[PDB]
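1. here's a sequence, model it:
(chains A and B)
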Protein chains: 2
Amino acid sequence: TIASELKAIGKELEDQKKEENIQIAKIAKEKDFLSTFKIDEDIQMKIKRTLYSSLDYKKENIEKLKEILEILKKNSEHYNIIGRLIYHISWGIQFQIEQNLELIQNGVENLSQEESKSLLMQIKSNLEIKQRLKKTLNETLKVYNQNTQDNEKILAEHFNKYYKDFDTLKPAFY
Amino acid sequence: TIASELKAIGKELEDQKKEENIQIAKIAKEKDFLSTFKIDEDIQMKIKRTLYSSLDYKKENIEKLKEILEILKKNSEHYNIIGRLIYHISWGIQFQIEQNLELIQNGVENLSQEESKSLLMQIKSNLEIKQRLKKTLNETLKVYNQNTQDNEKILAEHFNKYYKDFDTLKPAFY
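-> Numbering: from 1, shown residues only, chains lettered A, B, ... in the order given. Here you go, the structure:
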């Protein structure tokens, strides 16, 4: 037993789901860009579910993510990687979680050492994966922010170099 | 004489002005962001005049420039440099040009070796400066575009590194 742990875990998951739903609703109420993307309702609910938890539903971060996605889209070849992120990674984990959860509202009592334990392990793994994804997302965000900073910095530098005074512009013949 | 050259130059300038006006009108008709900035009508007409000629009135380039300006704005300290670009460089040249032009619709005939010649020289200098500015603008645009490219590239790289498959995300404990 295990079982004590398991029940608690299940409870936590349910709580999260409740809160997840609430957060989704809130997001929707503020205009929530997974309202569409490259189209199915519940195949996007999960994806939405997961992405917002990964970002602590933090509107700014979500916006940034959306922007990044848009940027990515504007090249054809990248499609694959983007799909993998969204559909393979992001949906799949959610699906797994849901499956696990169902087993818990099948009652934990009926399970056993060969299959309760296994289930628990699976759940733990899923949780770990989720955490990892969150971390990755954060990293990505950082990178994006850095880039944004960098561009600005470069522009400023350029301005300093050139746009002081007439006699500091490019020379007319090169 | 000189004077033959001068008259031609004047004519050219007038033509440009005509065409400049036309281009401005066209820009306005497409939504022309120097309709406002950090407010006076004719102190912006010139600035508008000059900037659009520098960009061959090319809408895309104009848009890019506007974006760059916006980016710059979002830091307080830069104000000075931006002002220098706009008000010191961009207006000033236009003003100079206008002044020169007036002297030509004062008739070239009344002028002389000490002051016709000087005027001509000044005009030439102004033209050179304009050309230089254009070049500088182009350079800036390039830089901006490069940055934009770069960011995207970096993002793609990051995605490749991470968002393949579950087991390629950040590790959960670092």
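2. the nearest residue to residue A:87 once chain neighbours are set aside: what's it in contact with?
-> Closest residue in space to residue A:87, ignoring its immediate chain neighbours: residue A:47 at 7.7 Å, by Cβ to Cβ, 6 or more residues apart in numbering or on different chains. The C-beta positions use only the backbone N, C-alpha and C, and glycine is treated the same way. Neighbouring residues of residue A:47 by Cβ atoms under 8 Å, 6 or more residues apart in numbering or on different chains: A:34, A:86, A:87, A:90, A:91, A:94.
3. so which helix or strand takes in residue A:47?
-> helix A:41-54 (DSSP states H and E).
4. can you list the residues that contact the helix or strand just after that helix?
-> Under the assignment DSSP H and E, the closest C-terminal helix or strand after helix A:41-54 is helix A:59-73. Applying Cβ under 8 Å, 6+ apart, the contact partners of helix A:59-73 are A:27, A:30, A:33, A:37-38, A:51-52, A:55, A:78, A:81-82, A:137, A:140-141, A:144-145, B:151-152, B:155-156, B:159.
5. would you confirm that residue A:164 contacts residue B:85?
-> No - assessed by Cβ atoms under 8 Å, residue A:164 is found out of contact with residue B:85, at 9.0 Å.
6. more neighbours: which of those two?
-> Shown here are residue A:164 and residue B:85; by other Cβ atoms under 10 Å in any protein chain shown, residue B:85 has more neighbours (21 against 16).
7. which residue packs closest to the more buried one, ignoring adjacent ones?
-> residue A:163 (4.1 Å).
8. got phi/psi on the one you found?
-> Torsion angles at residue A:163 (phi, psi; degrees, to the nearest 10) stand at phi -80, psi 40.
9. coming back round to it: any quick ChimeraX command for the buried ones out of the contacts of residue A:47?
-> Per 16 or more other Cβ atoms under 10 Å in any protein chain shown, the buried members of the contacts of residue A:47 correspond to this ChimeraX selection:
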select /A:34,86,90,91,94
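10. filter the contacts of residue A:47 down to the ones in helices?
-> Among the contacts of residue A:47, the residues falling in helices (DSSP state H) are residue A:94.
11. just give me the closest of the contacts of residue A:47 to residue A:116.
-> Distance to residue A:116 across the contacts of residue A:47 (Cβ to Cβ) is lowest for residue A:94, with 22.6 Å.
12. how close does that closest one sit to residue A:130?
-> For residue A:94, the distance to residue A:130 equals 9 Å [Cβ to Cβ, to the nearest Å].
13. identify the residues contacting the residue nearest the centre of chain A.
-> Centroid-nearest residue in chain A, with Cα atoms, centre = their mean: residue A:51, separated by 3.3 Å. Residues counted as contacts of residue A:51 (Cβ under 8 Å, 6+ apart) are A:34, A:62, A:65, A:90.
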